[PDB]
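A short worksheet on the structure shown next.
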Amino acid sequence: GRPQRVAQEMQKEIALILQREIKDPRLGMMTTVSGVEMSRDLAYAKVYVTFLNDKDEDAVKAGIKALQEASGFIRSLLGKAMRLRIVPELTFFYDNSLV
Amino acid sequence: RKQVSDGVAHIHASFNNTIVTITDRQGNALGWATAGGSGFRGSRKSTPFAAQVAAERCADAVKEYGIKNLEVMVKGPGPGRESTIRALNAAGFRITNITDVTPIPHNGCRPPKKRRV
Amino acid sequence: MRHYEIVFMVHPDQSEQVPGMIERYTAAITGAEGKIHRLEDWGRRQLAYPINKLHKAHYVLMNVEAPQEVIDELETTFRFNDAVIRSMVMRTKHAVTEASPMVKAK
Amino acid sequence: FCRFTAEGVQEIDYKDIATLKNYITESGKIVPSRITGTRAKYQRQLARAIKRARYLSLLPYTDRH
Amino acid sequence: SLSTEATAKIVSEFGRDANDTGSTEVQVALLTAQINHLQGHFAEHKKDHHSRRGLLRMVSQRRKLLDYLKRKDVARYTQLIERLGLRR
RNA sequence: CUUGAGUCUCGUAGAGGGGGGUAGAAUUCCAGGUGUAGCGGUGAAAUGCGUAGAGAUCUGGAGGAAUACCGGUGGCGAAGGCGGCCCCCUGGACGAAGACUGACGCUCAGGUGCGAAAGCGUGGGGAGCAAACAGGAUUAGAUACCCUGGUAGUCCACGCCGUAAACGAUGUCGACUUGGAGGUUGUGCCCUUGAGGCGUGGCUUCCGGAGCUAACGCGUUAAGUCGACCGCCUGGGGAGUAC
Ligand SMILES: [Mg+2]
Ligand SMILES: [Mg+2]
Ligand SMILES: [Mg+2]
Ligand SMILES: [Mg+2]
Ligand SMILES: [Mg+2]
Ligand SMILES: [Mg+2]
Ligand SMILES: [Mg+2]
Ligand SMILES: [Mg+2]
Ligand SMILES: [Mg+2]
Ligand SMILES: [Mg+2]
Ligand SMILES: [Mg+2]
Ligand SMILES: [Mg+2]
Ligand SMILES: [Mg+2]
Ligand SMILES: [Mg+2]
Ligand SMILES: [Mg+2]
Ligand SMILES: [Mg+2]
Ligand SMILES: [Mg+2]
Ligand SMILES: [Mg+2]
Ligand SMILES: [Mg+2]
Ligand SMILES: [Mg+2]
Ligand SMILES: [Mg+2]
Ligand SMILES: [Mg+2]
């Protein structure tokens, strides 16, 4: 379907499987997701994660590192959850909400 | 109108809205503002900026009750938890603890079917 | 003629009613040719969550070796008595005559 | 790791609240053997003992009470 | 299944000695004892199909043991099937 | 005769099965406390809900269905399948050491039973979910996808149905043939003993050798080397259709 509708739905699903089904102590901080933008093809998607812990890079760096290392696990969960064709490749990014 | 000086803020952070309500420690509510009722609709109805706007609009309606000590309980992993938290933190309030209290069942009821989009 | 661990809680408002029920049940299970290998009265304890809007329930433990009939009418009495709020009957392959961790603190 | 094998306990008492509290979180949910290093047999025994203790109100189901 | 006392008594009864647990007679006797006992179980748990699979297996193996006995020496076979009230 | 196949003894692990209880979250609803104009929903919207006071929040109650965490590149079962806890009835598997029976074995047309889900008959139940349907939208078109509702059904009892990409797309049984890394469950012996070391079984996952294969790949749980029996195939369509 349209990339933005799939973007909204995938934001919902990533937020869900990010709040509940994680066990990495590197993650935490009520990690939210501001949104996710994906290409016209649904093959690739970029998530904009927003952390809470102090914005000091020592921690948000570790958070994005853990997310990128668990991307395979999150992709498997997404593929079983949200019922689409290709299970896009995920790329996490710190959304600098404070500007 | 009275003095409690120690309240708790429920933050229902839906994927389409954000409902912040400050209540007495025994569940009796005081006031509330919504991301929708803050002059936002559609997408902006569920954006973090509108969430903090609603948080501040709700704080401005309970200040006459005289509180600056809060525990907050968030529900729903919607965008607009971070926002309202830092908002009511920037509203001169002292937050002692923030707690995830989203209702998670032990396989209670069957969820609605996935959207084919 | 199996071994059972029977742990039940009593309404705290009937705390002194406990030894009566204790000796009554032991008499019932012994008059049925069933031994009793342990009996601990942990007494009043603070619950980990409310039970009928209540805390501070009276815990009591028993270890029996008895036939199944006496055990089933015992749990029947448990059900139809209201001073007990919650009971639990489990099986054991052996006989346990030791100190429960709720009496080693004492 | 594998503390229960060192203990050699045949079974884990549900009455051993002091021991069981080391295998649940503040939330009150059981901790996976993946991080506690518990043998699978003793992890099953832990799950059963903890569920029994929860029933007898010796341990909380959740932290919401 | 059968309790230790029941099996010990049946072995002592149909067997040659106390430790003749392998003879076809004691095997058939144990099987028919367990079958008769399981009849009461299946009288009320009539949709317990897995236990019924086990029961049918033991019925079948009793049948083939009886056939082997009848082919080995018919005298003992008839004496047994009359002491147990079978094959009718 | 005892090596195959069984019986006994002592134990072990298991969501194996049937029955009956019970617990704690959550959804819904009903009644109250607090508290006021939005809630809900979408890529945007409206249908919908609320000034009779919703939504949000706390307390209490009713009811139904399913059992988070544990949870596993786990376990059990002939397969289908099986997941809170407790009791009762019950099936199978495995191990150690013996004792016993003495080929009692393997396979199996016809036959018999079991057999997801949907469906059918009778009665009950009905929270959530949801074919059909009723709307709201979108669209050239929407009888779809999306949204708000929503009946059968999903649940229980007793019968019927007997089909699935019912799959490992791999029939059952037995023997034999280099390795390596794991999981799981027994068990023997030894060390100062827990710890640890050296063994030895069952089940199971993943690499890979010879060999095999059209290739992909399989590879001691074979698709390798053999034996026993059974099922089945003979170009595509017509057609798993007609009679
Ligand atoms: Mg949205
Ligand atoms: Mg047997
Ligand atoms: Mg079971
Ligand atoms: Mg009702
Ligand atoms: Mg058994
Ligand atoms: Mg001989
Ligand atoms: Mg046939
Ligand atoms: Mg059905
Ligand atoms: Mg019909
Ligand atoms: Mg029907
Ligand atoms: Mg009906
Ligand atoms: Mg619906
Ligand atoms: Mg077929
Ligand atoms: Mg299947
Ligand atoms: Mg086939
Ligand atoms: Mg073979
Ligand atoms: Mg198996
Ligand atoms: Mg291979
Ligand atoms: Mg072969
Ligand atoms: Mg081939
Ligand atoms: Mg042809
Ligand atoms: Mg036909």
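Just remember, in the structure tokens the first chain shown is A, the second B, etc., residues are 1-based per chain, and ligands are 1-based in the order shown.
Near residue 86 in chain A, within 10 Å and counting only C-alpha atoms (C1' of nucleotides), sit residues 41, 42, 43, 44 and 79 of chain A, not including residues fewer than 5 positions from it in the same chain.
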8 Å contact set for range 15-22 of chain A, only C-alpha atoms (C1' of nucleotides), chain neighbours under 6 positions out, as a PyMOL selection string:
(chain A and resi 30-33+74+77-78) or (chain B and resi 77-78)
Could you give me, as a PDB file with C-alpha atoms, in the first residue's frame, the residues within 12 Å of residue 19 in chain C, counting only C-alpha atoms (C1' of nucleotides) and dropping anything in the same chain fewer than 3 positions from it?
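Below you can see around_25.pdb, which holds the result:
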ATOM      1  CA  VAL C  10      -7.876 -18.131  58.151  1.00  0.00           C
ATOM      2  CA  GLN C  14     -10.982 -15.639  63.818  1.00  0.00           C
ATOM      3  CA  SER C  15      -7.328 -15.992  64.818  1.00  0.00           C
ATOM      4  CA  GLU C  16      -8.055 -17.572  68.203  1.00  0.00           C
ATOM      5  CA  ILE C  22      -6.376 -27.428  63.972  1.00  0.00           C
ATOM      6  CA  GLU C  23      -6.981 -30.086  66.599  1.00  0.00           C
ATOM      7  CA  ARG C  24     -10.346 -30.936  65.023  1.00  0.00           C
ATOM      8  CA  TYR C  25      -8.765 -31.655  61.641  1.00  0.00           C
ATOM      9  CA  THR C  26      -5.908 -33.616  63.202  1.00  0.00           C
ATOM     10  CA  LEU C  39       1.984 -29.084  61.898  1.00  0.00           C
ATOM     11  CA  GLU C  40       3.119 -25.454  61.922  1.00  0.00           C
ATOM     12  CA  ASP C  41       1.028 -22.423  62.862  1.00  0.00           C
ATOM     13  CA  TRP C  42       2.699 -19.537  61.053  1.00  0.00           C
ATOM     14  CA  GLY C  43       0.050 -17.304  62.522  1.00  0.00           C
ATOM     15  CA  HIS C  58      -3.654 -16.501  59.519  1.00  0.00           C
ATOM     16  CA  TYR C  59      -1.412 -19.089  57.782  1.00  0.00           C
ATOM     17  CA  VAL C  60      -1.254 -22.677  59.009  1.00  0.00           C
TER      18      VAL C  60
END
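Each of D:15, D:41, D:21, D:34 was checked against chain C using only C-alpha atoms; the smallest atom-to-atom distance is that of D:15.
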Quick one: pick out all strand (DSSP E or B) residues within chain A from a backbone DSSP run and write them as a ChimeraX atom specification.
/A:32-38,44-50,89-94
Would you mind exporting the chosen residues as a PDB file, in the first residue's frame, restricted to C-alpha atoms?
ATOM      1  CA  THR A  32       9.497   6.161  22.503  1.00  0.00           C
ATOM      2  CA  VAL A  33       9.286   6.401  18.720  1.00  0.00           C
ATOM      3  CA  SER A  34       8.495   9.757  17.154  1.00  0.00           C
ATOM      4  CA  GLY A  35       7.766   8.188  13.785  1.00  0.00           C
ATOM      5  CA  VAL A  36       9.168   6.061  10.943  1.00  0.00           C
ATOM      6  CA  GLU A  37       9.769   7.069   7.273  1.00  0.00           C
ATOM      7  CA  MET A  38      10.097   4.422   4.509  1.00  0.00           C
ATOM      8  CA  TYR A  44      13.620  -0.135   3.721  1.00  0.00           C
ATOM      9  CA  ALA A  45      12.442   1.898   6.752  1.00  0.00           C
ATOM     10  CA  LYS A  46      14.050   4.463   9.054  1.00  0.00           C
ATOM     11  CA  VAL A  47      12.716   4.751  12.611  1.00  0.00           C
ATOM     12  CA  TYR A  48      13.170   7.939  14.644  1.00  0.00           C
ATOM     13  CA  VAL A  49      13.623   6.831  18.248  1.00  0.00           C
ATOM     14  CA  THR A  50      13.518   9.403  21.057  1.00  0.00           C
ATOM     15  CA  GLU A  89      15.196  -3.425   6.798  1.00  0.00           C
ATOM     16  CA  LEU A  90      15.187  -1.148   9.830  1.00  0.00           C
ATOM     17  CA  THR A  91      17.508   1.776  10.498  1.00  0.00           C
ATOM     18  CA  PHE A  92      17.292   3.602  13.822  1.00  0.00           C
ATOM     19  CA  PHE A  93      18.035   7.288  14.302  1.00  0.00           C
ATOM     20  CA  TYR A  94      18.025   9.625  17.283  1.00  0.00           C
TER      21      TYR A  94
END
